[PDB]
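> Mind having a look at this structure? Questions to follow.
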Amino acid sequence: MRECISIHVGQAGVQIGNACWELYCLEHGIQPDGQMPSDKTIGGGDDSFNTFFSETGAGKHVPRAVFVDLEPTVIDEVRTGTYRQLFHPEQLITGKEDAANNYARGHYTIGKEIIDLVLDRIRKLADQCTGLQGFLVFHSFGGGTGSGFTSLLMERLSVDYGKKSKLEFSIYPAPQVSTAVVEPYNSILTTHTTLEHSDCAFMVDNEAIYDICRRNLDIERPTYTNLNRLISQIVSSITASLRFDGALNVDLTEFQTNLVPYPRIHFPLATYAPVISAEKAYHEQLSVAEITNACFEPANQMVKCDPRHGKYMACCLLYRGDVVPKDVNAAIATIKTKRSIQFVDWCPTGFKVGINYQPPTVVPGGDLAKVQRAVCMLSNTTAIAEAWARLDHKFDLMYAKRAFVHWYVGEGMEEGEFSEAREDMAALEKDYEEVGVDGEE
Amino acid sequence: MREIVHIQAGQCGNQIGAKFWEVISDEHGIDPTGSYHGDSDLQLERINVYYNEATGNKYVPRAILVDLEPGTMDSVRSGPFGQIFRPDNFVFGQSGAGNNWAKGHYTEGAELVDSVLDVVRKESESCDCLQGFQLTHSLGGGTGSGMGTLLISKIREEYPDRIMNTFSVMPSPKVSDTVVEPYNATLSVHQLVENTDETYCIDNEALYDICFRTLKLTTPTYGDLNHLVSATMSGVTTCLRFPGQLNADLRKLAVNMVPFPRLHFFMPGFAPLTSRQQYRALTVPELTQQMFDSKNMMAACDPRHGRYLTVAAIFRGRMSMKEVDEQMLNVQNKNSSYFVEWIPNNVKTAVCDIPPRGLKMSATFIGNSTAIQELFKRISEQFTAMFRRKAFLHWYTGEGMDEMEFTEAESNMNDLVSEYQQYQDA
Amino acid sequence: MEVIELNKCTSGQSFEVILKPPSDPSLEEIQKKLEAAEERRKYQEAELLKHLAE
Amino acid sequence: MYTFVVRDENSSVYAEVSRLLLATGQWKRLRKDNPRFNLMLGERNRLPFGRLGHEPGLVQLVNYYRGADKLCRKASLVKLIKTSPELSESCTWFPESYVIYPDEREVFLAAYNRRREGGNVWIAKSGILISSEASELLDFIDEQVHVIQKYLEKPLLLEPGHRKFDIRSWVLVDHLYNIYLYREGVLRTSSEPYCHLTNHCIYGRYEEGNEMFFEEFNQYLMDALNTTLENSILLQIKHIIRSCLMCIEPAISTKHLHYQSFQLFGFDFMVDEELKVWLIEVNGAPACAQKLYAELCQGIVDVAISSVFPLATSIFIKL
Ligand SMILES: C=C(CC(=O)OC)C(=O)N[C@@H](c1ccccc1)[C@@H](O)C(=O)O[C@H]1C[C@@]2(O)[C@@H](OC(=O)c3ccccc3)[C@@H]3[C@]4(OC(C)=O)CO[C@@H]4C[C@H](O)[C@@]3(C)C(=O)[C@H](O)C(=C1C)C2(C)C
Ligand SMILES: Nc1nc2c(ncn2[C@@H]2O[C@H](COP(=O)(O)OP(=O)(O)OP(=O)(O)O)[C@@H](O)[C@H]2O)c(=O)[nH]1
Ligand SMILES: Nc1ncnc2c1ncn2[C@@H]1O[C@H](COP(=O)(O)OP(=O)(O)CP(=O)(O)O)[C@@H](O)[C@H]1O
Ligand SMILES: Nc1nc2c(ncn2[C@@H]2O[C@H](COP(=O)(O)OP(=O)(O)O)[C@@H](O)[C@H]2O)c(=O)[nH]1
Ligand SMILES: [Ca+2]
Ligand SMILES: [Mg+2]
Ligand SMILES: [Mg+2]
Ligand SMILES: [Mg+2]
């Protein structure tokens with residue numbers, strides 16, 4: 001067994017982490033008071049779920065998690081929420097004034113004063129691990145803390161935990177639920193600084209989650225609660241291999257080996273199906289072929305983009321529920337004849353498949369219906385570069401006028417960091433183009 | 001706990017400030033004696049932002065009342081909610097300022113400014129995490145204009161990393177007390193360009209025209225004008241006073257609204273505004289269209305003469321959030337010419353469930369438009385018409401000012417006008 | 001099409017299907033950057049207080 | 001009101017479409033870089049498809065199908081036909097072609113020699129050269145990827161004049177992937193006796209501007225060959241159009257996409273003396289005949305634009 005430490009940064013990271021750990025407890029049979037009647041090894045053990053939960057002598061199963069935010073109101077809800085008894089105060093770190101949607105304020109001004117405390121608390125969790133494999137970092141791109149403090153933390157984690165793997169769950173900004181005009185600035189700044197320190201990052205575009213909630217769950221105006229319960233289902237699907245017995249993606253290094261052939265191109269596209277409303281009394285249950293086919297529908301992707309116009313470098317299918325390998329192969333054969341699935345010439349054209357027999361758990365009173373089988377596809381396709389192009393274009397529009405730049409320079413940052421970050425993104429877009437691209441008439 | 005310290009200075013500042021505290025006290029369930037008697041926990045969730053909690057679960061406004069003559073503050077103390085203010089927070093002199101910026105800024109005001117800073121310091125020391133200050137004042141008089149901007153400069157010196165926000169009433173010859181108002185306003189505007197982060201430009205010409213043309217008030221009084229301002233001030237501070245995601249504090253508001261440091265002068269607006277029909281229900285399309293109409297804006301500038309850099313819209317009451325989005329994106333897509341293309345997604349929308357006292361639905365508009373240059377152009381024209389002949393300057397040189405300070409103030413505001421024109425063509 | 005690496009347990013199983021073959025900055029460096037930004041903040045504040053003193 | 005942007009000032013077809021939209025009183029033209037549009041008349045090269053369909057509250061439509069270039073570039077069209085099982089290398093309506101880079105150079109020679117051993121004139125294009133023996137064709141290409149195609153040595157020759165020609169068909173594919181064939185085609189006829197190239201760029205003897213329209217051409221087929229345009233030719237044309245567009249439909253369809261596409265195509269056909277129709281090439285940004293501009297562009301607005309954006313007998317044949 002090798003432990004995994006989760007780090008939740010800023011409002012988006014904290015609220016999504018709250019949703020994930022609630023779901024983990026339901027999946028593993030852990031009550032809100034931390035007790036787990038199935039763990040017959042009281043006070044310890046090296047089971048698969050111990051990668052995410054430590055154990056006290058009184059039988060409490062404690063998440064290996066740190067929550068950090070620069071203002072206290074979001075983490076205060078963790079202290080008073082349903083799963084308050086799960087965490088001890090040292091896992092919850094708050095400041096008094098946030099980064100004001102300003103990367104420079106989160107990375108320099110405020111980050112420099114709290115980074116040592118955050119590292120001390122993480123070190124306390126790491127000291128409790130017999131073989132720590134790495135970190136899972138949850139944060140927004142757009143917030144000042146999620147962007148600015150995360151990039152600072154990732155740099156220091158590389159220094160202090162050089163051999164550890166680092167995975168991200170990153171919230172890509174969408175104007176339909178966005179809170180700041182400068183979110184394109186913060187996104188590019190944090191991606192540039194974090195790029196060399198992250199081994200694999202799962203981007204989740206709020207626009208995609210919003211539309212899935214509207215279309216599939218019939219929610220006219222989704223809230224963060226609606227979005228986070230959907231996001232936590234996808235996160236749970238991705239991390240399930242670390243928390244349950246299995247052979248695929250059983251350590252963080254396997255995510256990189258299986259999904260990331262080049263270090264910089266480390267942003268897999270997640271696609272999840274089926275998403276079905278709780279309100280309807282009877283849904284028709286989608287077969288293995290139908291949910292597998294749905295993995296190639298852009299409407300089910302965590303980032304809206306067209307994989308038909310890119311190339312694949314790796315593809316994993318993560319099933320939960322009533323699924324047998326025979327039906328997966330039959331589904332894949334049918335899909336390959338009818339779909340535009342082209343791999344790069346230097347990579348094998350295949351799927352790595354994992355099946356977990358337990359069906360996906362849903363939160364009682366939630367919006368997702370309980371389904372008989374579900375699947376999350378993780379593909380590394382050049383098509384996700386469309387998301388970078390969209391962000392870089394919004395960056396260019398504002399920066400050409402130096403709009404809002406004075407807020408960042410005012411916090412000690414230099415204008416050179418903007419262009420240096422943007423040039424790194426331009427090279428990243430160029431990297432995706434190289435890997436994946438072949439009037440009056 | 002992100003506390004705001006409120007300051008109201010001079011006649012106009014204290015009269016509008018008193019009405020603002022009456023309005024938001026009713027919204028938060030605070031009676032004139034400071035006791036809470038509402039029926040919703042949302043009224044108390046962020047009440048710390050504007051109120052201190054004293055002994056006996058009583059709520060005292062974090063407000064400081066400043067004037068160089070006692071008259072207006074005597075009438076505030078004898079007013080409806082006059083007993084809710086902390087008695088030690090009344091700071092006043094006796095000589096008055098004579099509608100003279102120099103008296104407020106350099107002579108009479110300088111004698112009193114240290115006593116105000118003592119009360120500011122006392123309120124700031126009792127703040128868990130002070131976020132900044134909001135000042136209410138006029139620019140056309142002496143105390144609010146001259147001493148108000150002196151206070152802003154000294155506060156910035158002592159709290160350089162805090163946000164400074166003002167509600168500044170701009171003078172107009174149509175609603176004028178004295179001919180020297182363009183002088184006082186031009187000197188004040190330069191101070192605001194340097195020392196505030198956000199300034200709501202409230203034009204008395206617009207308030208009068210709204211009262212006369214829209215509200216059908218044949219003879220508007222200053223009380224009628226201040227009724228519009230207090231409703232507007234409650235709207236633009238809703239995001240600070242109630243739980244919300246957007247522009248929830250002064251600094252996040254500034255980062256969203258101010259793309260260049262000197263261009264921080266906002267045009268506010270409010271809807272509904274109608275003659276006394278009054279019980280008629282208002283729909284989301286009607287709120288949105290009214291809120292964006294020039295007739296509902298309080299800076300007497302035509303937004304179709306310029307372009308929006310940023311816009312914040314706040315809807316209050318129970319309404320369809322989906323419908324709010326459709327009409328907000330409707331007006332945005334249909335009139336895309338008036339929004340700058342180089343700031344993507346520059347219109348932000350918030351919704352608060354608690355509506356004002358007498359309405360089921362309302363909307364407040366905050367625009368950073370390059371058309372505000374028309375306001376500064378009008379003041380510059382009125383300034384120059386007198387300064388060309390050095391008219392009425394003896395009132396100021398008698399207080400020790402030199403003509404060079406007027407020349408520099410004139411150049412500074414013309415520079416501000418030129419800066420707006422740069423981005424209007426961009 | 002071929003199935004390889006079939007591993008089975010009581011909670012699930014996994015395998016691979018192949019359809020076609022192919023054809024850091026140190027702590028002191030970070031510290032210098034954080035301190036350089038902090039000095040630029042102090043210089044800007046020093047200029048402001050000098051401007052206000054004038 | 002609906003909003004649109006113009007990104008290709010050189011398109012005569014869409015310069016007309018834009019002025020028809022600016023005559024309904026319900027369409028407004030924005031600056032070309034305003035992202036808040038309903039309709040993009042995009043640029044011909046490097047259209048930023050990845051930035052479409054991300055504007056909240058806006059249904060966005062663009063006049064180009066991402067990925068249709070596979071059909072509209074000569075080298076990729078040859079590769080598409082030979083590698084798509086729906087079309088097969090046994091495709092009967094496409095002349096024998098080979099993609100060779102200055103590779104299918106060796107397979108071209110084996111086919112070339114086997115018929116010179118047993119007429120074999122070929123053509124080069126990507127700038128045209130027609131030669132009878134293969135050694136000369138290859139030396140011209142090393143002077144960009146080209147294709148060598150079997151030259152139709154027995155074309156259908158119009159009389160009087162003994163003159164070559166080709167047929168241009170305009171095809172509109174809407175957002176639902178309905179395939180609309182404009183009822184009016186044009187014959188770009190050579191004015192010299194068989195003169196090998198019929199491009200309108202390359203006069204006015206038998207018909208104005210070397211353009212014969214379907215009414216006259218059908219009248220000719222009845223008088224000289226005792227058949228009709230519909231029977232002898234148009235049935236094969238409709239078959240080829242459907243075969244090509246249905247083949248790429250899974251790759252380019254925008255049915256479940258966050259934005260929608262339509263596109264106007266120019267199909268070029270040749271007819272041999274046995275009244276067999278051969279596909280020459282597909283053009284993704286075609287112009288129109290001067291007479292047919294008003295009718296076709298109005299049809300574009302009716303079928304492709306107003307269908308998605310409703311305003312306040314069809315000229316197309318639905319395939
Ligand atoms: C505490 C007070 C002062 C007060 O009034 O107490 C003595 C207060 O104003 N609070 C309110 C508030 C609003 C926004 C944000 C925060 C608070 C609100 O909750 C309320 O009570 O509005 C008051 C305001 C009205 O006077 C009136 O306006 C005026 O004639 C008037 C004259 C001069 C200047 C301004 C207005 C008012 C208008 O103005 C408004 C504001 O709605 C105008 O067009 C708006 C439409 C309203 O339908 C219409 C027409 C009314 O007819 C209505 O019957 C009524 C209400 C709902 C009053 C007649 C009593
Ligand atoms: N999916 C999802 N997105 C969120 C959530 N909370 C915030 N966001 C997104 O995150 C971005 C704003 O960043 P935040 O995380 O709220 O800000 P922060 O990290 O706390 O940083 P500061 O508040 O500036 O100190 C916006 O794009 C929001 O849409 C959430 O709970 N779920
Ligand atoms: N295999 C072949 N056999 C006979 N003629 C051919 C041929 N390939 C091309 N041509 C001749 O070439 C002319 C057009 O060539 P092509 O269409 O490749 O050039 P082009 O694409 O620049 C003109 P356009 O854009 O209008 O289609 C036709 O008039 C046709 O007669
Ligand atoms: N809206 C409004 N404007 C006022 C009020 N009182 C004065 N003014 C305006 O304020 C300016 C005069 O300044 P005033 O506040 O009276 O002088 P001060 O006491 O020295 O600050 C003129 O432009 C007046 O039109 C008021 O109650 N409401
Ligand atoms: Ca155990
Ligand atoms: Mg935050
Ligand atoms: Mg061509
Ligand atoms: Mg007065």
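Each chain in the structure tokens gets a letter, A, B, ..., in the order shown, and its residues are numbered from 1; ligands are numbered from 1 in order too.
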Which neighbours of region 59-62 of chain A fall inside 8 Å, counting only C-alpha atoms, when residues of the same chain fewer than 3 positions from it are skipped, and could you give them as number ranges by chain?

A: 30, 33-36, 42-43, 53-56, 86-87

> For the helix (DSSP H, G or I) assignment from backbone DSSP, which residues of chain C qualify? Please present them as a list in words.

residues 27, 28, 29, 30, 31, 32, 33, 34, 35, 36, 37, 38, 39, 40, 41, 42, 43, 44, 45, 46, 47, 48, 49, 50, 51, 52 and 53 of chain C

> Output N, CA and C atoms for every residue in that selection, as a PDB file, in the first residue's frame.


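Now in again_30.pdb:
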ATOM      1  N   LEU C  27      15.079  25.815  -3.952  1.00  0.00           N
ATOM      2  CA  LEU C  27      14.387  26.607  -2.941  1.00  0.00           C
ATOM      3  C   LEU C  27      14.884  28.048  -2.923  1.00  0.00           C
ATOM      4  N   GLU C  28      16.193  28.251  -3.096  1.00  0.00           N
ATOM      5  CA  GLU C  28      16.722  29.611  -3.091  1.00  0.00           C
ATOM      6  C   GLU C  28      16.336  30.373  -4.352  1.00  0.00           C
ATOM      7  N   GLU C  29      16.212  29.682  -5.486  1.00  0.00           N
ATOM      8  CA  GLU C  29      15.742  30.347  -6.698  1.00  0.00           C
ATOM      9  C   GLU C  29      14.295  30.798  -6.546  1.00  0.00           C
ATOM     10  N   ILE C  30      13.446  29.948  -5.963  1.00  0.00           N
ATOM     11  CA  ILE C  30      12.074  30.355  -5.666  1.00  0.00           C
ATOM     12  C   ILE C  30      12.065  31.497  -4.659  1.00  0.00           C
ATOM     13  N   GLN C  31      12.954  31.438  -3.665  1.00  0.00           N
ATOM     14  CA  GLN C  31      12.980  32.465  -2.630  1.00  0.00           C
ATOM     15  C   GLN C  31      13.383  33.817  -3.202  1.00  0.00           C
ATOM     16  N   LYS C  32      14.373  33.834  -4.100  1.00  0.00           N
ATOM     17  CA  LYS C  32      14.792  35.086  -4.722  1.00  0.00           C
ATOM     18  C   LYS C  32      13.649  35.725  -5.499  1.00  0.00           C
ATOM     19  N   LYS C  33      12.859  34.911  -6.203  1.00  0.00           N
ATOM     20  CA  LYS C  33      11.734  35.446  -6.964  1.00  0.00           C
ATOM     21  C   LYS C  33      10.666  36.023  -6.046  1.00  0.00           C
ATOM     22  N   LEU C  34      10.367  35.334  -4.943  1.00  0.00           N
ATOM     23  CA  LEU C  34       9.365  35.843  -4.012  1.00  0.00           C
ATOM     24  C   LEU C  34       9.848  37.114  -3.321  1.00  0.00           C
ATOM     25  N   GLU C  35      11.140  37.184  -2.995  1.00  0.00           N
ATOM     26  CA  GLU C  35      11.672  38.385  -2.358  1.00  0.00           C
ATOM     27  C   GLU C  35      11.802  39.536  -3.347  1.00  0.00           C
ATOM     28  N   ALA C  36      12.110  39.242  -4.614  1.00  0.00           N
ATOM     29  CA  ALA C  36      12.217  40.304  -5.612  1.00  0.00           C
ATOM     30  C   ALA C  36      10.870  40.974  -5.848  1.00  0.00           C
ATOM     31  N   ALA C  37       9.790  40.189  -5.862  1.00  0.00           N
ATOM     32  CA  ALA C  37       8.462  40.777  -5.973  1.00  0.00           C
ATOM     33  C   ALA C  37       8.106  41.564  -4.718  1.00  0.00           C
ATOM     34  N   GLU C  38       8.523  41.071  -3.549  1.00  0.00           N
ATOM     35  CA  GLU C  38       8.243  41.780  -2.306  1.00  0.00           C
ATOM     36  C   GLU C  38       8.963  43.121  -2.258  1.00  0.00           C
ATOM     37  N   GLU C  39      10.200  43.175  -2.761  1.00  0.00           N
ATOM     38  CA  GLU C  39      10.926  44.442  -2.786  1.00  0.00           C
ATOM     39  C   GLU C  39      10.260  45.433  -3.732  1.00  0.00           C
ATOM     40  N   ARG C  40       9.766  44.951  -4.876  1.00  0.00           N
ATOM     41  CA  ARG C  40       9.071  45.836  -5.804  1.00  0.00           C
ATOM     42  C   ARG C  40       7.795  46.396  -5.183  1.00  0.00           C
ATOM     43  N   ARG C  41       7.110  45.605  -4.350  1.00  0.00           N
ATOM     44  CA  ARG C  41       5.959  46.139  -3.626  1.00  0.00           C
ATOM     45  C   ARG C  41       6.385  47.203  -2.623  1.00  0.00           C
ATOM     46  N   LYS C  42       7.504  46.980  -1.930  1.00  0.00           N
ATOM     47  CA  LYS C  42       7.969  47.957  -0.950  1.00  0.00           C
ATOM     48  C   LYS C  42       8.444  49.237  -1.625  1.00  0.00           C
ATOM     49  N   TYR C  43       9.060  49.120  -2.803  1.00  0.00           N
ATOM     50  CA  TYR C  43       9.492  50.314  -3.522  1.00  0.00           C
ATOM     51  C   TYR C  43       8.300  51.140  -3.989  1.00  0.00           C
ATOM     52  N   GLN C  44       7.265  50.480  -4.517  1.00  0.00           N
ATOM     53  CA  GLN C  44       6.077  51.205  -4.959  1.00  0.00           C
ATOM     54  C   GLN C  44       5.379  51.886  -3.789  1.00  0.00           C
ATOM     55  N   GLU C  45       5.336  51.223  -2.631  1.00  0.00           N
ATOM     56  CA  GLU C  45       4.737  51.850  -1.456  1.00  0.00           C
ATOM     57  C   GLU C  45       5.599  52.999  -0.947  1.00  0.00           C
ATOM     58  N   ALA C  46       6.925  52.844  -0.999  1.00  0.00           N
ATOM     59  CA  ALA C  46       7.814  53.926  -0.587  1.00  0.00           C
ATOM     60  C   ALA C  46       7.625  55.160  -1.461  1.00  0.00           C
ATOM     61  N   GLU C  47       7.463  54.963  -2.772  1.00  0.00           N
ATOM     62  CA  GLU C  47       7.213  56.094  -3.662  1.00  0.00           C
ATOM     63  C   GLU C  47       5.878  56.758  -3.348  1.00  0.00           C
ATOM     64  N   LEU C  48       4.858  55.959  -3.025  1.00  0.00           N
ATOM     65  CA  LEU C  48       3.560  56.524  -2.668  1.00  0.00           C
ATOM     66  C   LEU C  48       3.665  57.386  -1.417  1.00  0.00           C
ATOM     67  N   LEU C  49       4.290  56.855  -0.363  1.00  0.00           N
ATOM     68  CA  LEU C  49       4.430  57.624   0.869  1.00  0.00           C
ATOM     69  C   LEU C  49       5.286  58.864   0.658  1.00  0.00           C
ATOM     70  N   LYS C  50       6.274  58.795  -0.238  1.00  0.00           N
ATOM     71  CA  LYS C  50       7.022  60.000  -0.583  1.00  0.00           C
ATOM     72  C   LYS C  50       6.138  61.000  -1.317  1.00  0.00           C
ATOM     73  N   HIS C  51       5.283  60.510  -2.218  1.00  0.00           N
ATOM     74  CA  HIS C  51       4.356  61.388  -2.923  1.00  0.00           C
ATOM     75  C   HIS C  51       3.376  62.037  -1.954  1.00  0.00           C
ATOM     76  N   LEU C  52       2.894  61.271  -0.972  1.00  0.00           N
ATOM     77  CA  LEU C  52       1.961  61.814   0.007  1.00  0.00           C
ATOM     78  C   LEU C  52       2.652  62.772   0.968  1.00  0.00           C
ATOM     79  N   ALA C  53       3.932  62.535   1.264  1.00  0.00           N
ATOM     80  CA  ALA C  53       4.682  63.465   2.102  1.00  0.00           C
ATOM     81  C   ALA C  53       4.854  64.810   1.410  1.00  0.00           C
TER      82      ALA C  53
END

> Go through A:144, A:360, A:366, A:307 one by one, measure the shortest atom-to-atom distance of each to residue 252 (chain B) using only C-alpha atoms, and give the residue with the smallest value.

A:144

> Around ligand 1, at most 6 Å away and counting only C-alpha atoms and all ligand atoms, which residues are there? Put them as an mmCIF file with N, CA, C and O atoms, in the first residue's frame, please.


data_model
loop_
_atom_site.group_PDB
_atom_site.id
_atom_site.type_symbol
_atom_site.label_atom_id
_atom_site.label_comp_id
_atom_site.auth_asym_id
_atom_site.auth_seq_id
_atom_site.Cartn_x
_atom_site.Cartn_y
_atom_site.Cartn_z
ATOM 1 N N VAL B 23 -32.129 53.187 5.071
ATOM 2 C CA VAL B 23 -32.583 52.174 4.125
ATOM 3 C C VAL B 23 -32.008 50.805 4.477
ATOM 4 O O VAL B 23 -32.747 49.824 4.605
ATOM 5 N N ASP B 224 -36.051 64.639 -2.421
ATOM 6 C CA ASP B 224 -36.405 63.756 -3.530
ATOM 7 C C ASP B 224 -35.160 63.207 -4.210
ATOM 8 O O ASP B 224 -35.107 62.022 -4.563
ATOM 9 N N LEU B 225 -34.153 64.057 -4.419
ATOM 10 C CA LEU B 225 -32.903 63.589 -5.007
ATOM 11 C C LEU B 225 -32.239 62.548 -4.117
ATOM 12 O O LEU B 225 -31.743 61.527 -4.606
ATOM 13 N N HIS B 227 -33.599 60.540 -2.042
ATOM 14 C CA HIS B 227 -34.341 59.285 -2.070
ATOM 15 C C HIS B 227 -33.854 58.386 -3.201
ATOM 16 O O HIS B 227 -33.701 57.172 -3.014
ATOM 17 N N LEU B 228 -33.584 58.962 -4.377
ATOM 18 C CA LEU B 228 -33.018 58.173 -5.469
ATOM 19 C C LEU B 228 -31.631 57.654 -5.117
ATOM 20 O O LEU B 228 -31.282 56.518 -5.457
ATOM 21 N N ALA B 231 -31.657 54.647 -2.532
ATOM 22 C CA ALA B 231 -32.061 53.412 -3.197
ATOM 23 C C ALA B 231 -30.935 52.871 -4.070
ATOM 24 O O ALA B 231 -30.712 51.655 -4.133
ATOM 25 N N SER B 234 -28.113 51.445 -1.778
ATOM 26 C CA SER B 234 -28.479 50.118 -1.290
ATOM 27 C C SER B 234 -28.278 49.061 -2.369
ATOM 28 O O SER B 234 -27.803 47.954 -2.084
ATOM 29 N N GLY B 235 -28.622 49.390 -3.615
ATOM 30 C CA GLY B 235 -28.462 48.433 -4.697
ATOM 31 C C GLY B 235 -27.010 48.079 -4.961
ATOM 32 O O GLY B 235 -26.660 46.904 -5.090
ATOM 33 N N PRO B 272 -37.049 49.575 -10.767
ATOM 34 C CA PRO B 272 -37.893 50.500 -11.530
ATOM 35 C C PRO B 272 -37.907 51.940 -11.039
ATOM 36 O O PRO B 272 -37.643 52.215 -9.870
ATOM 37 N N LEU B 273 -38.243 52.844 -11.957
ATOM 38 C CA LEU B 273 -38.512 54.244 -11.650
ATOM 39 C C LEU B 273 -39.770 54.614 -12.424
ATOM 40 O O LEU B 273 -39.737 54.667 -13.658
ATOM 41 N N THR B 274 -40.870 54.874 -11.717
ATOM 42 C CA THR B 274 -42.126 55.205 -12.377
ATOM 43 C C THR B 274 -42.934 56.170 -11.520
ATOM 44 O O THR B 274 -42.736 56.275 -10.307
ATOM 45 N N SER B 275 -43.845 56.884 -12.177
ATOM 46 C CA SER B 275 -44.754 57.775 -11.477
ATOM 47 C C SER B 275 -45.779 56.978 -10.673
ATOM 48 O O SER B 275 -46.017 55.791 -10.915
ATOM 49 N N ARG B 276 -46.388 57.650 -9.701
ATOM 50 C CA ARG B 276 -47.402 57.027 -8.855
ATOM 51 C C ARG B 276 -48.775 56.989 -9.523
ATOM 52 O O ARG B 276 -48.888 57.020 -10.749
ATOM 53 N N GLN B 278 -48.356 51.778 -9.741
ATOM 54 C CA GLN B 278 -47.344 51.515 -8.723
ATOM 55 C C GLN B 278 -47.427 50.091 -8.189
ATOM 56 O O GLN B 278 -46.400 49.508 -7.824
ATOM 57 N N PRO B 356 -35.773 45.088 -1.928
ATOM 58 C CA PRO B 356 -35.993 46.237 -1.042
ATOM 59 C C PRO B 356 -37.386 46.220 -0.425
ATOM 60 O O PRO B 356 -38.234 45.380 -0.730
ATOM 61 N N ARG B 357 -37.612 47.187 0.469
ATOM 62 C CA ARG B 357 -38.799 47.176 1.326
ATOM 63 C C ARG B 357 -40.091 47.133 0.517
ATOM 64 O O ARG B 357 -40.946 46.266 0.736
ATOM 65 N N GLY B 358 -40.258 48.057 -0.422
ATOM 66 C CA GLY B 358 -41.519 48.211 -1.116
ATOM 67 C C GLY B 358 -41.657 47.531 -2.459
ATOM 68 O O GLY B 358 -42.711 47.658 -3.088
ATOM 69 N N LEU B 359 -40.642 46.810 -2.925
ATOM 70 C CA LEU B 359 -40.668 46.223 -4.255
ATOM 71 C C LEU B 359 -40.494 44.714 -4.197
ATOM 72 O O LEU B 359 -39.819 44.179 -3.311
#

> Neighbours of ligand 4 at 9 Å or closer, counting only C-alpha atoms and all ligand atoms: which residues, as a PyMOL selection string?

chain B and resi 9-16+67-69+72+96-101+104+137-148+169-178+181-182+185+202-205+207-208+221-229

> Can you tell me, as a ChimeraX atom specification, which residues in chain C count as strand (DSSP E) by DSSP?

/C:2-9,12-20

> Compile the residues of chain A that lie within 6 Å of chain B, evaluated using only C-alpha atoms, and express the compilation as a list in words.

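Written out as asked, the residues are residues 100, 179, 180, 181, 221, 397, 398, 403 and 404 of chain A.
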
> Using only C-alpha atoms, find the residues of chain D whose closest atom to chain B is at most 10 Å away, then write them as an MDAnalysis selection string.

chainID D and resid 1:3 28 30:31 33:38 55:58

> Could you tell me, counting only C-alpha atoms and all ligand atoms, which protein and nucleic acid residues lie no more than 12 Å from ligand 7, written as a list in words?

residues 439, 440 and 441 of chain A; 69, 71, 72, 73, 74, 125, 126, 127, 168, 199, 200, 201, 265, 266, 267, 268, 280, 281, 282, 283, 284, 285, 286 and 287 of chain D

> Kindly provide, as a PyMOL selection string, all nucleotide and amino acid residues lying within 8 Å of ligand 5, counting only C-alpha atoms and all ligand atoms.

chain A and resi 39-47+50+55

> Output the selection as a CSV table (one decimal), in the first residue's frame - C-alpha atoms for each residue.


chain,number,residue,atom,x,y,z
A,39,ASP,CA,-12.9,-2.4,8.5
A,40,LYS,CA,-12.3,-5.3,10.9
A,41,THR,CA,-8.6,-4.3,11.4
A,42,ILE,CA,-9.3,-1.6,14.0
A,43,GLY,CA,-6.7,1.2,14.3
A,44,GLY,CA,-4.8,0.3,11.1
A,45,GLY,CA,-4.4,-1.8,8.0
A,46,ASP,CA,-3.0,-1.6,4.5
A,47,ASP,CA,-6.1,-2.1,2.4
A,50,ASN,CA,-6.1,3.1,3.2
A,55,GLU,CA,-7.1,5.2,11.0

> Please, which residues have at least one atom within 7 Å of an atom of ligand 2, using only C-alpha atoms and all ligand atoms, listed as a PyMOL selection string?

chain A and resi 9-13+15-16+69-71+98-102+106+139-147+171-174+177-180+183+206+224-225+227-228

> Could you write out as an NGL selection string the residues of chain C within 7 Å of chain A, counting only C-alpha atoms?

:C and (7 or 9 or 11-23 or 26-27 or 34 or 37-38 or 40-41)
